[PDB]
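**Q** Structure: protein-v3.tsv, TSV, C-alpha atoms.
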chain	number	residue	atom	x	y	z
A	106	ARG	CA	136.90	22.06	42.24
A	107	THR	CA	136.10	25.79	42.54
A	108	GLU	CA	133.39	28.03	43.98
A	109	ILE	CA	133.73	31.02	41.62
A	110	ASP	CA	131.14	31.19	38.83
A	111	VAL	CA	132.93	30.50	35.56
A	112	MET	CA	129.66	30.89	33.63
A	113	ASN	CA	129.10	34.56	34.45
A	114	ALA	CA	132.80	35.33	33.99
A	115	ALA	CA	132.67	33.82	30.49
A	116	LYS	CA	129.54	35.74	29.47
A	117	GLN	CA	130.85	39.14	30.57
A	118	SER	CA	134.19	38.59	28.81
A	119	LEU	CA	132.30	37.64	25.63
A	120	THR	CA	130.26	40.84	25.27
A	121	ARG	CA	133.53	42.68	25.87
A	122	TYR	CA	135.34	40.87	23.03
A	123	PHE	CA	132.89	42.02	20.35
A	124	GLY	CA	133.69	45.60	21.34
A	125	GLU	CA	137.40	45.15	20.72
A	126	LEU	CA	136.51	43.35	17.50
A	127	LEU	CA	134.73	46.43	16.13
A	128	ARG	CA	137.53	48.98	16.47
A	129	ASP	CA	140.01	46.40	15.21
A	130	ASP	CA	138.03	46.56	11.95
A	131	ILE	CA	137.95	50.37	11.76
A	132	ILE	CA	141.74	50.55	12.12
A	133	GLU	CA	142.02	47.92	9.39
A	134	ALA	CA	139.58	49.87	7.19
A	135	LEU	CA	141.47	53.17	7.53
A	136	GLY	CA	144.68	51.50	6.38
A	137	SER	CA	143.08	49.95	3.31
A	138	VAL	CA	144.29	50.24	-0.29
A	139	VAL	CA	141.79	51.46	-2.89
A	140	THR	CA	142.83	49.79	-6.14
A	141	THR	CA	140.22	50.76	-8.78
A	142	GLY	CA	136.60	51.70	-8.11
A	143	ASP	CA	135.39	50.23	-4.76
A	144	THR	CA	138.19	47.64	-4.71
A	145	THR	CA	139.57	48.08	-1.20
A	146	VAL	CA	142.29	45.57	-0.32
A	147	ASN	CA	143.77	45.39	3.18
A	148	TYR	CA	147.36	46.56	3.53
A	149	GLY	CA	148.76	43.19	4.58
A	150	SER	CA	147.14	41.20	1.77
A	151	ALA	CA	147.95	43.73	-0.96
A	152	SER	CA	150.55	43.19	-3.67
A	153	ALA	CA	153.21	45.60	-4.86
A	154	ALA	CA	151.13	46.42	-7.94
A	155	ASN	CA	148.01	47.18	-5.89
A	156	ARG	CA	149.97	49.72	-3.85
A	157	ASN	CA	151.53	51.39	-6.90
B	1	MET	CA	100.10	-37.68	6.66
B	2	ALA	CA	97.50	-36.80	4.04
B	3	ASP	CA	95.06	-34.65	6.00
B	4	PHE	CA	95.43	-30.90	5.93
B	5	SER	CA	99.23	-30.81	5.84
B	6	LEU	CA	100.69	-27.44	6.76
B	7	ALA	CA	104.09	-26.30	5.55
B	8	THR	CA	107.31	-26.40	7.54
B	9	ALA	CA	108.05	-22.73	6.86
B	10	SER	CA	104.44	-21.71	7.58
B	11	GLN	CA	104.40	-22.79	11.24
B	12	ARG	CA	103.94	-19.95	13.73
B	13	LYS	CA	106.37	-18.96	16.49
B	14	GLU	CA	106.02	-16.79	19.59
B	15	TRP	CA	108.39	-14.45	21.43
B	16	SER	CA	107.97	-13.65	25.13
B	17	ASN	CA	108.05	-10.19	26.69
B	18	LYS	CA	109.51	-11.17	30.08
B	19	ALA	CA	113.31	-11.18	30.11
B	20	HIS	CA	115.81	-12.59	32.58
B	21	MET	CA	118.87	-10.92	34.08
B	22	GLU	CA	122.18	-12.09	35.53
B	23	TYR	CA	122.65	-12.42	39.30
B	24	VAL	CA	124.95	-9.84	40.89
B	25	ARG	CA	125.50	-10.78	44.60
B	26	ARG	CA	125.02	-7.23	45.93
B	27	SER	CA	127.83	-6.63	48.48
B	28	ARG	CA	129.57	-8.29	51.41
B	29	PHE	CA	130.81	-4.89	52.67
B	30	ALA	CA	127.31	-3.44	52.98
B	31	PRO	CA	126.59	-3.64	56.78
B	32	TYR	CA	129.96	-1.99	57.48
B	33	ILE	CA	129.71	1.29	55.54
B	34	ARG	CA	128.25	3.94	57.86
B	35	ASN	CA	128.85	7.62	58.61
B	36	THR	CA	129.41	7.35	62.37
B	37	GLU	CA	132.73	7.15	64.22
B	38	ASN	CA	132.58	3.49	65.29
B	39	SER	CA	132.31	2.07	61.77
B	40	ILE	CA	134.92	0.14	59.82
B	41	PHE	CA	134.51	1.95	56.49
B	42	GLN	CA	133.70	5.55	57.38
B	43	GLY	CA	132.06	8.04	55.04
B	44	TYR	CA	132.37	11.83	54.90
B	45	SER	CA	129.68	14.13	53.52
B	46	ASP	CA	131.77	17.29	53.90
B	47	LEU	CA	132.33	17.67	50.15
B	48	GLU	CA	128.67	16.88	49.47
B	49	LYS	CA	128.26	20.33	51.00
B	50	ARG	CA	129.56	23.62	49.64
B	51	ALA	CA	132.67	22.84	47.51
B	52	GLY	CA	136.03	21.13	47.43
B	53	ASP	CA	138.45	18.73	45.78
Have the structure of the file written as structure tokens, please.
**A**
Amino acid sequence: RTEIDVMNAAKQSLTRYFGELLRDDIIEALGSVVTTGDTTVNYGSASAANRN
Amino acid sequence: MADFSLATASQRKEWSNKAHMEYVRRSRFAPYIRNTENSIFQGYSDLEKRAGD
């Protein structure tokens, strides 16, 4: 029904998603919570006792 | 009989390789489907080219 190449538009937008996926992990790593000795829990999935 | 009497369950069979089909009766509209302008059922190959819906 179209003439535009959906294949090449889906391969370019797929290399460009794994670049946004990398700095979304560095922002999540900087806001981590270090409980006790290499135990880094993310801020959303941390309890009130892990933050204290 | 009391010659060499072979068993009822020991008699050979044979299965053929040539199979039959069912008749189809191809089409009664077949001499009337053309691509010209003076045909009853007219065909268009314009979407067989580049693109369309």
**Q** Report as a tab-separated table: every residue of chain B with an atom at most 7 Å from chain A, its closest pair of atoms, and their distance in Å to one decimal, counting all atoms listed in the file, with rows sorted by chain and ascending residue number.
**A**
residue	atom	partner	partner_atom	distance
B:51	CA	A:108	CA	6.3
B:52	CA	A:106	CA	5.3
B:53	CA	A:106	CA	5.1
**Q** Report the distance between atom CA of residue 30 of chain B and atom CA of residue 47 of chain B in Å, rounded to one decimal place.
**A**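 According to the coordinates, atom CA of residue 30 of chain B and atom CA of residue 47 of chain B are separated by 21.9 Å.
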**Q** What does the structure give for the distance between atom CA of residue 148 of chain A and atom CA of residue 133 of chain A, in Å to one decimal?
**A**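 Going from atom CA of residue 148 of chain A over to atom CA of residue 133 of chain A covers 8.0 Å.
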**Q** Please compute the atom CA of residue 122 of chain A-atom CA of residue 109 of chain A distance, one decimal, in Å.
**A**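 Going from atom CA of residue 122 of chain A over to atom CA of residue 109 of chain A, I get 21.1 Å.
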**Q** Which polymer residues have any atom within 12 Å of an atom of residue 42 of chain B, counting all atoms listed in the file, with same-chain residues fewer than 2 positions away left out, as a list in words?
**A** residues 29, 30, 31, 32, 33, 34, 35, 36, 37, 38, 39, 40, 44 and 45 of chain B
**Q** Print the selection's residues with C-alpha atoms to a file, as a PDB file, in the frame of the given file.
**A**
ATOM      1  CA  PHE B  29     130.810  -4.890  52.670  1.00  0.00           C
ATOM      2  CA  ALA B  30     127.310  -3.440  52.980  1.00  0.00           C
ATOM      3  CA  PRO B  31     126.590  -3.640  56.780  1.00  0.00           C
ATOM      4  CA  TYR B  32     129.960  -1.990  57.480  1.00  0.00           C
ATOM      5  CA  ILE B  33     129.710   1.290  55.540  1.00  0.00           C
ATOM      6  CA  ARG B  34     128.250   3.940  57.860  1.00  0.00           C
ATOM      7  CA  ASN B  35     128.850   7.620  58.610  1.00  0.00           C
ATOM      8  CA  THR B  36     129.410   7.350  62.370  1.00  0.00           C
ATOM      9  CA  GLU B  37     132.730   7.150  64.220  1.00  0.00           C
ATOM     10  CA  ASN B  38     132.580   3.490  65.290  1.00  0.00           C
ATOM     11  CA  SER B  39     132.310   2.070  61.770  1.00  0.00           C
ATOM     12  CA  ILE B  40     134.920   0.140  59.820  1.00  0.00           C
ATOM     13  CA  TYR B  44     132.370  11.830  54.900  1.00  0.00           C
ATOM     14  CA  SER B  45     129.680  14.130  53.520  1.00  0.00           C
TER      15      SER B  45
END
